[PDB]
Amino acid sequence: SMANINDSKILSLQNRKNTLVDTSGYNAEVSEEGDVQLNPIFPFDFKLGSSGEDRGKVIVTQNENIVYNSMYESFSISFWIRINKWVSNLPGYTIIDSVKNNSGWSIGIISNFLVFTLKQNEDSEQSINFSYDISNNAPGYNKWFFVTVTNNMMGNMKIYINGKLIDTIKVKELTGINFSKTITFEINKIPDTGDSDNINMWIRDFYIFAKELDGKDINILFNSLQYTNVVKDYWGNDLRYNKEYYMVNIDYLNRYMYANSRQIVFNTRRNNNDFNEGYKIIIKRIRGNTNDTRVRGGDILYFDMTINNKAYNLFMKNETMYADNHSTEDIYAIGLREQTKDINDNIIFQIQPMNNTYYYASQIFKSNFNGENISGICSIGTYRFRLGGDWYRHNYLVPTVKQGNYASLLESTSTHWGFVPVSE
């Protein structure tokens, strides 16, 4: 139902033909100053940085009449945004500003909050915010998310994140508020809080609507702006074949991947503020869309890991498993085996996207070559092994495949796997 949603669209800031333009039909003027990077590939975002006098600035100047006839009753503002590195102690930055003469609206970030503000005058404002979960984001909330703010002078001001309502407040009397026709994208530090690291901000598809969109329409909009079958890396960018990742289990983000006697094991991270420990995997395609190197749901694939200059495949072992109390029926360890000339069945997996409001992840199923026989799901658990010279069995946290009726595990977060791109 996009046709009806789009009827009220009054600004549609998009990258078309390597140029930022308003495609809504109201012909807002758009200019760039400083360092503004345009992405030539989907999602065609623009990137701004915070440091230097030559930092990027994107200025949108709307038709003043469309503003006047739209903003004073009800409106919605939507856009995709990414911040790196959005650490929990971030100082204050205004990032998207529509304030002139001490009135208008503005969006800023501080600590773990993204804040939307109606500014009535120099002495009066009303704000709402999204705050990310710090305990689950020590490396920073550096992922793409979809913001939608809605306002109704006769009702509430709301902010949604990835299509989910996060904050709502009754709008107070804002008599005399004056909406500016100008919107300025630029990362501007607030000086009285009262030299930090540069941050980057990426933006794409910044829309404004002259109606208050409801939750249902916000989600339709959310989904219309993504390829939901393209699996995403941990920051929400397209997952790629032939590229190094840190593979993580959503239930164990504080663990990195290691290996011991060809058994993969999970060790506690020493650097909680980064993803920079342990071994990396590379995803290899068996079956998928050969037009690019993007990973899609339903693709058949396998995983490589290189240790001490030897390249292995992850594979489902065929040995009995032992656990302190749990039964281990149909549970098999995932370990590492030397590559061979031909793809062996026990290295073959099938991937599916598994996203939610706070994580981009996947589920990974044990598969045969043509995907006609899906026999299990990848999980994680603590089992008894003798590794690395051990005489006695010890407990290790290891990746596993659960076969038999794996359906019972489908809703478990233990089956959710993320892929963090390696910076170096």
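All residue numbers are counted from 1 along the displayed sequence.
Colleague: Just how many deposited residues go unmodelled from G194 to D195: none, 1 to 3, 4 to 9, or 10 or more?
Modeller: Unmodelled stretch: 4 to 9 residues.
Colleague: Test of understanding: from the entry's C-alpha B-factors, which stretch has the higher mean, 163-171 or 133-141?
Modeller: For C-alpha atoms only, the mean B-factor is higher in 133-141.
Colleague: Would you determine, from the values in the PDB entry, which of 15-23 and 399-407 has the greater average C-alpha temperature factor?
Modeller: The stretch with the larger average C-alpha B-factor is 15-23.
Colleague: If I read the C-alpha B-factors straight from the PDB entry, which of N346, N156, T328, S103 is highest?
Modeller: Answer for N346, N156, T328, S103: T328, with the highest C-alpha B-factor.
Colleague: From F365, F42, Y360, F46, can you pick the one with the highest C-alpha B factor in the entry?
Modeller: Answer for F365, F42, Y360, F46: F42, with the highest C-alpha B-factor.
Colleague: Could you place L387 in the lowest, middle or highest third of its chain by Cα temperature factor, using the values in the record?
Modeller: Within its chain, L387 is a highest-third residue by C-alpha B-factor, going by the deposited values.
Colleague: What third of its chain's C-alpha B-factors does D214 belong to: lowest, middle or highest?
Modeller: Middle third of the chain for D214's C-alpha B-factor.
Colleague: Can you work out whether the C-alpha temperature factor of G56 puts it in the lowest, middle or highest third of the chain?
Modeller: Middle third of the chain for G56's C-alpha B-factor.
Colleague: Hey, what third does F266 fall into on Cα B-factor, ranked over its chain?
Modeller: Its C-alpha B-factor belongs to the middle third of this chain's values.
Colleague: Divide the modelled residues of the chain into thirds by Cα B-factor and specify which third, lowest, middle or highest, holds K189.
Modeller: For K189, whose C-alpha B-factor we compare with every modelled residue in the chain, the answer is the highest third.
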